[PDB]
Amino acid sequence: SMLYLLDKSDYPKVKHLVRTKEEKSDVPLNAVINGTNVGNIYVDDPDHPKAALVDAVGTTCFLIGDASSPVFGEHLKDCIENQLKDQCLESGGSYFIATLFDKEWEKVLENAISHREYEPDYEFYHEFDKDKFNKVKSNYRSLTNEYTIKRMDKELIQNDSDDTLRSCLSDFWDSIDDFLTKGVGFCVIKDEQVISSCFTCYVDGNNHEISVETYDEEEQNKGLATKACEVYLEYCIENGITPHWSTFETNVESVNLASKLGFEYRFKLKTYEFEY
Ligand SMILES: CC(=O)SCCNC(=O)CCNC(=O)[C@H](O)C(C)(C)COP(=O)(O)OP(=O)(O)OC[C@H]1O[C@@H](n2cnc3c(N)ncnc32)[C@H](O)[C@@H]1OP(=O)(O)O
Ligand SMILES: [Cl-]
């Protein structure tokens, strides 16, 4: 009769739905299932899930498991338009995003979101090539004197005159302490303000998903995100972390930056997005 919100203590019951290589390598999906990062899980049957909506609220939901699930066919719309919607909007969000592994889920999701003026896209997935990065980074533009690099610590996050960073981190991490213990991040600073950041938004074991941004529109295209990422990726290499970059096909600034940093294209997944 409805999709059921799953308690975190039962998340292990959906692990068996993570089966293909693309599913297994998807850091946000696994980070939410592991309980490590912020998200919600909805299932057909809380005792023995056969299909799940895994909402990595900072980035996308995923539909996994059996696309023929009758309850998903009749009540996926109800879950989107009330339970997902209300928690998104109350938390300052505006959008629904879904990412699919399996063509069979497309018609199921399309019937559920049909009246929405949704935008189809694809999410690009990569593999980081450390040797390429180490070769090509010598060509990156050096920072001029007004710009410096700082590792994200509690002082930086709590004293950003804009709560920009704190707000972004809250999409992914239940606390700043959890981010600082389990993740890492670096910023470009100018006039004592955070201009760019590169940080871990999800963790699955030694796999870290990247979030990058240059917040000051007028400072883009100067090499700032590149340098925040370069320091981040060096940290990852030094500490045995595999970084992951996934981005919408239409976000060509991000697609091109990923290629510049030594991320190599591997596969793409269909996405759907609308504004509530
Ligand atoms: C993995 C993820 O985080 S996915 C989400 C990515 N982040 C966002 O979408 C947030 C909004 N966008 C941004 O903040 C910025 O556009 C960013 C972070 C993608 C890039 O920040 P910038 O500070 O402008 O990047 P930076 O100047 O260091 O690098 C430019 C590189 O990025 C790509 N790029 C940047 N702008 C463009 C553009 N108009 N067109 C094409 N490629 C571009 C190019 O590879 C360019 O290479 P170059 O240095 O050889 O010219
Ligand atoms: Cl597979």
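Here, each number is a calculation from the coordinates, and none is a lab measurement. In this analysis, Cβ positions are derived from the backbone assuming ideal geometry, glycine residues included, and neighbour counts consider all displayed protein chains.
Couplings 3J(HN,Hα) for the range 198-204, derived from phi with the Karplus relation 6.51 cos²θ - 1.76 cosθ + 1.60 (θ = phi - 60°), are 9, 8, 6, 9, 8, 10, 9 Hz, where x marks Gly and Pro. Cβ under 10 Å from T36's Cβ, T36 left aside: what net charge do those residues give with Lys, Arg +1 and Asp, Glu -1? Net charge around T36: -2. For the range 87-130, applying the loop criterion from DSSP together with a ceiling of 13 other beta carbons within 10 Å to the GluC sites (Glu not before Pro) yields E117. For the chain, the relative contact order comes to 23 percent (Cα pairs under 8 Å, sequence separation of at least 6). Annotation: amide H-H contacts under 5 Å for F248 (H modelled 1.01 Å from N, sequence separation of 5 or more, or interchain): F124. Annotated for the range 171-261: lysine pairs at least 8 residues apart or interchain, Cα distance under 17 Å, count 4.
In terms of modelled amide H atoms, which long-range or inter-chain residues lie less than 5 Å from the amide H of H208? For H208, whose amide H was placed from the backbone, the distant partners under 5 Å are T242, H244.
Spacing of the modelled spin labels on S91 and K190, each 7 Å from Cα toward Cβ, amounts to 3.2 nm.
Between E238 and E23, the contour length at 0.36 nm per residue exceeds the Cα-Cα span by 74.7 nm. The value of relative contact order for the range 133-192, using C-alpha pairs under 8 Å at least six residues apart, is 51 percent. Roughly how many Å is it from the Cα centre of the range 151-196 to that of the range 125-143, as a whole number? Here the two parts' Cα centres lie 24 Å apart. Each residue of the range 22-36 was assigned a 3J(HN,Hα) from its phi angle through the Karplus expression (A = 6.51, B = -1.76, C = 1.60, θ = phi - 60°), giving 5, 4, 5, 8, 8, 5, x, 4, 6, 5, 5, 4, 6, x, 7 Hz with x at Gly and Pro. Measuring r between the beta carbons of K103 and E155 and using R0 = 51 Å, the FRET efficiency lands at 0.60. Taking amide H as placed 1.01 Å from N in the peptide plane, the amide H of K190 sits under 5 Å from that of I195, each at least 5 places away or on another chain. Loop-only GluC sites (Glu not before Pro) in the range 177-268, please: DSSP not H, G, I, E or B, and at most 15 other Cβ atoms within 10 Å. Loop-located and lightly packed - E192, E249. Under Stokes-Einstein, with the Kirkwood radius over Cα pairs as Rh, the value for the chain at 37 °C and 0.692 mPa s is 168 µm²/s.
Bridgeable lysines around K77 (alpha carbons under 28 Å apart, same-chain partners fewer than 8 residues away excluded): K8, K13, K15, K24, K50, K85, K103, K107, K268, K270.
Just how far, in whole angstrom, is the range 30-51 from the range 224-259 if you go by their alpha carbon centroids? Cα centroid of the range 224-259 versus Cα centroid of the range 30-51: 28 Å apart. By the rule of a C-alpha distance below 20 Å, with chain neighbours fewer than 8 residues away ignored, the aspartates and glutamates paired with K132 are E209, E230, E234, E238, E253, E264.
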